[PDB]
Amino acid sequence: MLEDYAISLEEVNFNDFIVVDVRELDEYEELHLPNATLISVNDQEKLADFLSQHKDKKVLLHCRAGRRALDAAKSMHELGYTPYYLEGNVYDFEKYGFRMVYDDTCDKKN
């Protein structure tokens with residue numbers, strides 16, 4: 001099913017989808033996309049909640065590599081949802097042209 005939902009970084013348009021950061025708090029804080037919602041790959045109740053708010057939407061679960069993108073998305077497809085997922089290095093988004101917010105744990109000032 002979701003093999004077709006496997007969006008690559010060299011074809012992606014993060015602006016076109018509602019993005020979800022499927023990793024961890026620390027991972028999200030060190031860097032993330034300005035349209036990425038923090039949910040962990042283990043947060044099935046929180047991920048399914050976000051998808052249950054409206055099932056009719058286009059959401060992209062992006063991962064630092066792409067495996068947690070797949071992991072989280074399969075589990076959701078098994079709960080009767082159909083989210084997409086991004087396989088591509090989180091650090092490479094900026095050089096592919098997609099701006100990113102580094103250090104949002106509080107603010108990047110001292």
# chains A, B, ... in the order shown; residues from 1 in each chain; ligands from 1

$ closest_atom_pairs --of "range 39-82 of chain A" --to "range 87-100 of chain A" --cutoff "10 Å" --atoms "only C-alpha atoms" --output "JSON lines"
{"residue": "A:61", "atom": "CA", "partner": "A:87", "partner_atom": "CA", "distance": 8.9}
{"residue": "A:62", "atom": "CA", "partner": "A:87", "partner_atom": "CA", "distance": 6.7}
{"residue": "A:63", "atom": "CA", "partner": "A:87", "partner_atom": "CA", "distance": 6.4}
{"residue": "A:64", "atom": "CA", "partner": "A:90", "partner_atom": "CA", "distance": 4.5}
{"residue": "A:65", "atom": "CA", "partner": "A:89", "partner_atom": "CA", "distance": 4.9}
{"residue": "A:66", "atom": "CA", "partner": "A:87", "partner_atom": "CA", "distance": 3.7}
{"residue": "A:67", "atom": "CA", "partner": "A:87", "partner_atom": "CA", "distance": 7.1}
{"residue": "A:68", "atom": "CA", "partner": "A:87", "partner_atom": "CA", "distance": 8.8}
{"residue": "A:69", "atom": "CA", "partner": "A:87", "partner_atom": "CA", "distance": 6.7}
{"residue": "A:70", "atom": "CA", "partner": "A:87", "partner_atom": "CA", "distance": 7.9}

$ residues_around --residues "range 20-24 of chain A" --least-positions-apart "6" --cutoff "9 Å" --atoms "only C-alpha atoms" --output "PDB file with N, CA and C atoms, in the first residue's frame"
ATOM      1  N   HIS A  32      14.587  21.277  12.816  1.00  0.00           N
ATOM      2  CA  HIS A  32      13.310  20.795  12.253  1.00  0.00           C
ATOM      3  C   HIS A  32      12.842  21.759  11.156  1.00  0.00           C
ATOM      4  N   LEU A  33      11.820  21.349  10.406  1.00  0.00           N
ATOM      5  CA  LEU A  33      11.155  22.211   9.411  1.00  0.00           C
ATOM      6  C   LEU A  33      10.139  23.133  10.108  1.00  0.00           C
ATOM      7  N   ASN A  35       7.240  23.873   9.435  1.00  0.00           N
ATOM      8  CA  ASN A  35       5.873  23.327   9.247  1.00  0.00           C
ATOM      9  C   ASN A  35       5.782  21.884   9.797  1.00  0.00           C
ATOM     10  N   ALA A  36       6.796  21.465  10.601  1.00  0.00           N
ATOM     11  CA  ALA A  36       6.883  20.095  11.164  1.00  0.00           C
ATOM     12  C   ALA A  36       6.339  20.047  12.605  1.00  0.00           C
ATOM     13  N   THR A  37       5.326  19.190  12.831  1.00  0.00           N
ATOM     14  CA  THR A  37       4.723  18.953  14.157  1.00  0.00           C
ATOM     15  C   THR A  37       5.495  17.839  14.885  1.00  0.00           C
ATOM     16  N   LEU A  38       5.994  18.120  16.109  1.00  0.00           N
ATOM     17  CA  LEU A  38       6.729  17.126  16.906  1.00  0.00           C
ATOM     18  C   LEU A  38       5.795  16.005  17.382  1.00  0.00           C
ATOM     19  N   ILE A  39       6.045  14.810  16.852  1.00  0.00           N
ATOM     20  CA  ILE A  39       5.476  13.545  17.321  1.00  0.00           C
ATOM     21  C   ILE A  39       6.606  12.510  17.230  1.00  0.00           C
ATOM     22  N   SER A  40       6.707  11.603  18.185  1.00  0.00           N
ATOM     23  CA  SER A  40       7.743  10.557  18.126  1.00  0.00           C
ATOM     24  C   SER A  40       7.203   9.350  17.336  1.00  0.00           C
ATOM     25  N   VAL A  41       8.116   8.576  16.731  1.00  0.00           N
ATOM     26  CA  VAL A  41       7.783   7.303  16.050  1.00  0.00           C
ATOM     27  C   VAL A  41       7.123   6.273  17.019  1.00  0.00           C
ATOM     28  N   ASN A  42       7.353   6.438  18.343  1.00  0.00           N
ATOM     29  CA  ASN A  42       6.714   5.601  19.389  1.00  0.00           C
ATOM     30  C   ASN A  42       5.355   6.183  19.844  1.00  0.00           C
ATOM     31  N   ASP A  43       5.120   7.481  19.559  1.00  0.00           N
ATOM     32  CA  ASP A  43       3.867   8.176  19.925  1.00  0.00           C
ATOM     33  C   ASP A  43       2.757   7.817  18.925  1.00  0.00           C
ATOM     34  N   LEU A  47       0.113  10.480  17.338  1.00  0.00           N
ATOM     35  CA  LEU A  47       0.164  10.524  15.863  1.00  0.00           C
ATOM     36  C   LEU A  47      -1.230  10.271  15.284  1.00  0.00           C
ATOM     37  N   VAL A  59      -0.617  14.900   4.977  1.00  0.00           N
ATOM     38  CA  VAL A  59       0.458  15.004   5.989  1.00  0.00           C
ATOM     39  C   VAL A  59       1.663  14.138   5.600  1.00  0.00           C
ATOM     40  N   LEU A  60       2.865  14.701   5.824  1.00  0.00           N
ATOM     41  CA  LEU A  60       4.141  14.076   5.469  1.00  0.00           C
ATOM     42  C   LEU A  60       5.008  13.848   6.726  1.00  0.00           C
ATOM     43  N   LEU A  61       5.160  12.581   7.130  1.00  0.00           N
ATOM     44  CA  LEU A  61       5.993  12.185   8.283  1.00  0.00           C
ATOM     45  C   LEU A  61       7.474  12.146   7.848  1.00  0.00           C
ATOM     46  N   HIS A  62       8.240  13.214   8.119  1.00  0.00           N
ATOM     47  CA  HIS A  62       9.661  13.289   7.709  1.00  0.00           C
ATOM     48  C   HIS A  62      10.566  12.729   8.823  1.00  0.00           C
ATOM     49  N   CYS A  63      11.616  11.993   8.427  1.00  0.00           N
ATOM     50  CA  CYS A  63      12.603  11.411   9.369  1.00  0.00           C
ATOM     51  C   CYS A  63      14.035  11.850   9.018  1.00  0.00           C
ATOM     52  N   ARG A  64      14.918  11.794  10.038  1.00  0.00           N
ATOM     53  CA  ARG A  64      16.367  12.082   9.919  1.00  0.00           C
ATOM     54  C   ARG A  64      17.063  11.205   8.858  1.00  0.00           C
ATOM     55  N   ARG A  68      12.129   5.767  10.346  1.00  0.00           N
ATOM     56  CA  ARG A  68      11.094   6.126  11.358  1.00  0.00           C
ATOM     57  C   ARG A  68       9.861   6.748  10.689  1.00  0.00           C
ATOM     58  N   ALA A  69      10.096   7.364   9.522  1.00  0.00           N
ATOM     59  CA  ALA A  69       9.033   7.875   8.644  1.00  0.00           C
ATOM     60  C   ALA A  69       8.127   6.716   8.204  1.00  0.00           C
ATOM     61  N   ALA A  72       6.386   4.713  11.551  1.00  0.00           N
ATOM     62  CA  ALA A  72       5.247   5.458  12.094  1.00  0.00           C
ATOM     63  C   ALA A  72       4.052   5.430  11.121  1.00  0.00           C
ATOM     64  N   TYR A  85       5.047   9.845   3.913  1.00  0.00           N
ATOM     65  CA  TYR A  85       6.281   9.863   4.706  1.00  0.00           C
ATOM     66  C   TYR A  85       7.494  10.191   3.821  1.00  0.00           C
TER      67      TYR A  85
END

$ select_by_dssp --residues "chain A" --states "helix (DSSP H, G or I)" --output "MDAnalysis selection string"
chainID A and resid 14:16 25:30 44:52 67:78 90:92

$ atom_distance --atom1 "CA of residue 78 in chain A" --atom2 "CA of residue 8 in chain A"
22.0 Å

$ closest_residue --among "A:1, A:101, A:18, A:27" --to "residue 80 in chain A" --atoms "only C-alpha atoms"
A:1

$ select_by_dssp --residues "range 15-66 of chain A" --states "strand (DSSP E or B)" --output "number ranges by chain"
A: 18-23, 32, 36-40, 59-62

$ atom_distance --atom1 "CA of residue 55 in chain A" --atom2 "CA of residue 3 in chain A"
19.2 Å

$ atom_distance --atom1 "CA of residue 56 in chain A" --atom2 "CA of residue 28 in chain A"
25.5 Å

$ closest_residue --among "A:86, A:46, A:102, A:26" --to "residue 11 in chain A" --atoms "only C-alpha atoms"
A:86

$ closest_residue --among "A:25, A:30, A:44, A:15" --to "residue 77 in chain A" --atoms "only C-alpha atoms"
A:44

$ residues_around --residues "residue 103 in chain A" --least-positions-apart "5" --cutoff "8 Å" --atoms "only C-alpha atoms" --output "list in words"
residues 29, 30, 31 and 108 of chain A

$ write_last_selection --atoms "N, CA and C atoms" --output "PDB file, in the first residue's frame"
ATOM      1  N   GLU A  29      14.347  19.809  18.527  1.00  0.00           N
ATOM      2  CA  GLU A  29      14.906  21.051  19.084  1.00  0.00           C
ATOM      3  C   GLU A  29      16.208  21.445  18.377  1.00  0.00           C
ATOM      4  N   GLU A  30      17.089  20.460  18.115  1.00  0.00           N
ATOM      5  CA  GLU A  30      18.388  20.718  17.455  1.00  0.00           C
ATOM      6  C   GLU A  30      18.180  21.214  16.003  1.00  0.00           C
ATOM      7  N   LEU A  31      17.160  20.655  15.315  1.00  0.00           N
ATOM      8  CA  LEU A  31      16.736  21.113  13.975  1.00  0.00           C
ATOM      9  C   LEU A  31      15.365  20.530  13.612  1.00  0.00           C
ATOM     10  N   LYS A 108      17.830  30.941  20.106  1.00  0.00           N
ATOM     11  CA  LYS A 108      19.252  30.844  19.700  1.00  0.00           C
ATOM     12  C   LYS A 108      20.051  32.118  20.086  1.00  0.00           C
TER      13      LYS A 108
END

$ decode --residues "range 50-90 of chain A" --atoms "N, CA and C atoms" --output "tab-separated table (two decimals), in the first residue's frame"
chain	number	residue	atom	x	y	z
A	50	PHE	N	-3.57	13.24	15.91
A	50	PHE	CA	-3.32	14.30	14.90
A	50	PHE	C	-4.02	13.97	13.56
A	51	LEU	N	-4.03	12.68	13.22
A	51	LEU	CA	-4.66	12.17	11.99
A	51	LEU	C	-6.18	12.02	12.16
A	52	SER	N	-6.65	11.85	13.41
A	52	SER	CA	-8.08	11.70	13.73
A	52	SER	C	-8.80	13.07	13.80
A	53	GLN	N	-8.01	14.17	13.97
A	53	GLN	CA	-8.55	15.56	13.97
A	53	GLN	C	-9.23	15.87	12.61
A	54	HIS	N	-8.61	15.33	11.56
A	54	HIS	CA	-9.08	15.35	10.17
A	54	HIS	C	-8.28	14.27	9.47
A	55	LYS	N	-8.94	13.21	9.00
A	55	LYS	CA	-8.30	12.15	8.19
A	55	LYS	C	-8.08	12.65	6.76
A	56	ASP	N	-9.03	13.47	6.27
A	56	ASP	CA	-8.95	14.13	4.96
A	56	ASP	C	-8.00	15.34	5.03
A	57	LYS	N	-6.70	15.04	4.93
A	57	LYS	CA	-5.64	16.05	4.78
A	57	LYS	C	-4.38	15.37	4.21
A	58	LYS	N	-3.41	16.17	3.78
A	58	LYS	CA	-2.15	15.66	3.22
A	58	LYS	C	-1.00	15.93	4.21
A	59	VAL	N	-0.62	14.90	4.98
A	59	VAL	CA	0.46	15.00	5.99
A	59	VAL	C	1.66	14.14	5.60
A	60	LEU	N	2.87	14.70	5.82
A	60	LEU	CA	4.14	14.08	5.47
A	60	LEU	C	5.01	13.85	6.73
A	61	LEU	N	5.16	12.58	7.13
A	61	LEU	CA	5.99	12.18	8.28
A	61	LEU	C	7.47	12.15	7.85
A	62	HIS	N	8.24	13.21	8.12
A	62	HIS	CA	9.66	13.29	7.71
A	62	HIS	C	10.57	12.73	8.82
A	63	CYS	N	11.62	11.99	8.43
A	63	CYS	CA	12.60	11.41	9.37
A	63	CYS	C	14.03	11.85	9.02
A	64	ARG	N	14.92	11.79	10.04
A	64	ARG	CA	16.37	12.08	9.92
A	64	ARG	C	17.06	11.21	8.86
A	65	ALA	N	16.58	9.96	8.70
A	65	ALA	CA	17.06	9.04	7.65
A	65	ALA	C	15.88	8.72	6.72
A	66	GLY	N	14.84	8.09	7.28
A	66	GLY	CA	13.64	7.73	6.53
A	66	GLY	C	12.94	6.50	7.06
A	67	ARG	N	13.64	5.72	7.91
A	67	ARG	CA	13.10	4.48	8.47
A	67	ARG	C	11.96	4.75	9.47
A	68	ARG	N	12.13	5.77	10.35
A	68	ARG	CA	11.09	6.13	11.36
A	68	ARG	C	9.86	6.75	10.69
A	69	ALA	N	10.10	7.36	9.52
A	69	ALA	CA	9.03	7.87	8.64
A	69	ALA	C	8.13	6.72	8.20
A	70	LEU	N	8.78	5.65	7.71
A	70	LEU	CA	8.11	4.41	7.28
A	70	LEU	C	7.41	3.71	8.48
A	71	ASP	N	8.17	3.50	9.58
A	71	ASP	CA	7.70	2.82	10.82
A	71	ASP	C	6.37	3.39	11.33
A	72	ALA	N	6.39	4.71	11.55
A	72	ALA	CA	5.25	5.46	12.09
A	72	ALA	C	4.05	5.43	11.12
A	73	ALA	N	4.34	5.60	9.81
A	73	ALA	CA	3.32	5.64	8.76
A	73	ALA	C	2.63	4.28	8.57
A	74	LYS	N	3.39	3.15	8.68
A	74	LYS	CA	2.82	1.79	8.54
A	74	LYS	C	1.79	1.57	9.64
A	75	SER	N	2.22	1.82	10.89
A	75	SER	CA	1.37	1.70	12.09
A	75	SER	C	0.03	2.46	11.93
A	76	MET	N	0.10	3.66	11.33
A	76	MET	CA	-1.09	4.51	11.09
A	76	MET	C	-1.99	3.96	9.98
A	77	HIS	N	-1.38	3.45	8.90
A	77	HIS	CA	-2.10	2.76	7.81
A	77	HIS	C	-2.84	1.50	8.36
A	78	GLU	N	-2.26	0.88	9.40
A	78	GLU	CA	-2.86	-0.28	10.10
A	78	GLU	C	-4.02	0.16	11.02
A	79	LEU	N	-4.02	1.45	11.43
A	79	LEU	CA	-5.12	2.05	12.23
A	79	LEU	C	-6.21	2.67	11.32
A	80	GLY	N	-6.11	2.41	10.00
A	80	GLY	CA	-7.13	2.84	9.03
A	80	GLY	C	-6.90	4.23	8.45
A	81	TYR	N	-5.74	4.86	8.78
A	81	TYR	CA	-5.34	6.16	8.19
A	81	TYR	C	-4.53	5.93	6.90
A	82	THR	N	-4.19	7.02	6.18
A	82	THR	CA	-3.33	6.97	4.98
A	82	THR	C	-2.39	8.23	4.91
A	83	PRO	N	-1.45	8.43	5.90
A	83	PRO	CA	-0.43	9.50	5.81
A	83	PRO	C	0.75	9.13	4.88
A	84	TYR	N	1.40	10.16	4.32
A	84	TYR	CA	2.63	10.03	3.52
A	84	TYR	C	3.85	10.10	4.45
A	85	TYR	N	5.05	9.84	3.91
A	85	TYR	CA	6.28	9.86	4.71
A	85	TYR	C	7.49	10.19	3.82
A	86	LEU	N	8.43	10.97	4.39
A	86	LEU	CA	9.62	11.47	3.70
A	86	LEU	C	10.85	10.68	4.15
A	87	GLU	N	11.46	10.02	3.17
A	87	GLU	CA	12.76	9.37	3.31
A	87	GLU	C	13.83	10.29	2.70
A	88	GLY	N	14.63	10.90	3.59
A	88	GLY	CA	15.67	11.85	3.21
A	88	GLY	C	16.32	12.45	4.45
A	89	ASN	N	17.64	12.72	4.38
A	89	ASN	CA	18.42	13.26	5.51
A	89	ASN	C	17.90	14.65	5.94
A	90	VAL	N	17.58	14.78	7.25
A	90	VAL	CA	16.99	16.00	7.84
A	90	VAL	C	17.91	17.23	7.66
